[PDB]
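Engineer: below is the sequence, then the experimental coordinates.
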Amino acid sequence: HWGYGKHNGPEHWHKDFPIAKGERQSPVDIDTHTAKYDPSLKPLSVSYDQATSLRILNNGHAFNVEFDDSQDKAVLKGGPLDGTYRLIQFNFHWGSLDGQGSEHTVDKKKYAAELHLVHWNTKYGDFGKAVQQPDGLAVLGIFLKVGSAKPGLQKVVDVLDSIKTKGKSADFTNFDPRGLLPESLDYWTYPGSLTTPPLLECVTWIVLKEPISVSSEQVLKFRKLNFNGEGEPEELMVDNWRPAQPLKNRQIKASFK
Ligand SMILES: CC(=O)Nc1nnc(S(N)(=O)=O)s1
Ligand SMILES: [Zn+2]
Ligand SMILES: [Zn+2]
């Protein structure tokens, strides 16, 4: 089964998922001097006030917080998007050390972790259909750097102990995702893919310029999770990030100058 180890990591994925060597793979390195400022990009519209979180789960690769996506409660629109995109989940990627952990990089700079807020285009009916379309998903990427603590992330940090191993899940209601957003919504956007198998090329990536700060104690708790299931030899869940892929003549557009 795929993973992030020496024998089943990113460099091996192409054997089971040939699309890994595709034309629009993610993540990528964002070269800030080559990115094109596009004055026609509209501001992002994030409406998370009616968001309903359900559970938090350790899937053996990272941990996800899932939301009720049966209605337009938490949606993303505007920016480079056409139509309404419904929030379904958010997940993180982190490193074993503070100088690595993010998937996307900015001018080769790696951040301590990266948050992904996944949304699917409502015109497709369900998430399963959306992943088969070139404009099926919109993922909002937020960088995390170590500094002062992020109050809004603490609820997540505190519950990690209950979902320590692969397969564990816990009820996680009333979590407000607005507490994870940076102050500015300036962004870079480019057409890409999911960063984990099946690596489908169905994502419009929206990467925020401004990182959020989290404390050392907060990220330390992420590193306590396990890749393994209960009762198996312990493998700490760290470095669950995919390296930057070739841009291959796609253009990264910026909403700011
Ligand atoms: C069910 C679902 O959302 N799966 C995802 N797989 N990888 C994702 S990512 N890391 O690109 O956000 S989202
Ligand atoms: Zn799996
Ligand atoms: Zn992710």
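Structural biologist: Structure received. Numbering: from 1, shown residues only. Ligands and ions are numbered 1, 2, ... in the order given.

Engineer: just list whatever residues bridge to the closest residue to ligand 3 within the stretch 101-250 of the chain.
Structural biologist: Taking Cβ to the ion, ligand 3 has its nearest neighbour within the stretch 101-250 of the chain at residue 116, 3.6 Å off. Where you see a C-beta, it was placed from the backbone N, CA and C, and this is true even at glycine. For residue 116, the beta-bridge partners under DSSP bridges are residue 91, residue 141.

Engineer: now it: how far from ligand 1?
Structural biologist: 4 Å (Cβ to the nearest ligand atom, to the nearest Å).

Engineer: which residues are in contact with that residue?
Structural biologist: Counting by Cβ atoms under 8 Å, 6 or more residues apart in numbering, residue 116 touches 90, 91, 92, 93, 139, 140, 141, 142, 195.

Engineer: please repeat the previous calculation with a cut-off of 7 Å.
Structural biologist: By Cβ atoms under 7 Å, 6 or more residues apart in numbering, the residues touching residue 116 are 90, 91, 139, 141.

Engineer: may I see the ChimeraX selection of the buried members of those?
Structural biologist: Selection of buried members from these for ChimeraX, criterion 16 or more other Cβ atoms under 10 Å:
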select :90,91,139,141
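
Engineer: so can I have TSV of the contacts of residue 116 showing distance to ligand 1?
Structural biologist: Converted to TSV, those look like this (distance: Cβ to the nearest ligand atom, whole Å):
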residue	distance to ligand 1
90	8
91	5
139	5
141	8
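
Engineer: what about ligand 3: which of the contacts of residue 116 touch it?
Structural biologist: The residues of those that also fall near ligand 3, by Cβ under 5 Å from the ion, are residue 91.

Engineer: who's residue 214 bridged to?
Structural biologist: Here residue 214, judged by DSSP bridges, has bridge partners residue 146.

Engineer: wait, it touches residue 153, no?
Structural biologist: Yes. Using Cβ atoms under 7 Å, residue 214 makes contact with residue 153 at a distance of 5.9 Å.

Engineer: in terms of neighbours, single out the busier of these two.
Structural biologist: Comparing residue 214 with residue 153 by other Cβ atoms under 10 Å, the one with more neighbours is residue 214, at 26 against 22.

Engineer: OK, contacts around residue 95?
Structural biologist: 101, 112, 238, 239, 241.

Engineer: out of the residues you listed, who's the most crowded?
Structural biologist: For the contacts of residue 95, neighbours tallied by other Cβ under 10 Å; top is residue 101, 27 neighbours.

Engineer: buried stuff in stretch 121-129?
Structural biologist: In stretch 121-129, counting by 16+ other Cβ under 10 Å, buried: 121, 122, 124, 127.

Engineer: ditto for stretch 5-14
Structural biologist: So stretch 5-14, judged by 16+ other Cβ under 10 Å, has buried residues 10, 13.

Engineer: does ligand 1 sit close to that stretch?
Structural biologist: No. For stretch 5-14, no contact with ligand 1 is found by Cβ under 6 Å from any ligand atom; the gap never falls below 12.3 Å.

Engineer: contacts for that stretch?
Structural biologist: 1, 2, 3, 20, 21, 197, 199, 242, 243.

Engineer: and if we set it to 8 Å?
Structural biologist: Against stretch 5-14 from outside (Cβ under 8 Å, 6+ apart): 1, 2, 3, 4, 20, 21, 197, 199, 235, 242, 243.

Engineer: what does the chain have sitting close to ligand 3?
Structural biologist: Listed as neighbours of ligand 3 in the chain under the rule Cβ under 5 Å from the ion: 91, 116.

Engineer: state the three-state secondary structure for residue 185.
Structural biologist: coil (DSSP: H, G, I helix; E, B strand; the rest coil).

Engineer: ok, the one 5 residues further on next?
Structural biologist: Using three-state DSSP, the secondary structure recorded for residue 190 is strand.

Engineer: residues near the closest residue in space to it that isn't next to it in sequence, how many?
Structural biologist: Counting by Cβ to Cβ, 6 or more residues apart in numbering, residue 252 is the residue found nearest to residue 190 once chain neighbours are left out, at 4.5 Å. Residues lying near residue 252 (other Cβ under 10 Å) number 21.
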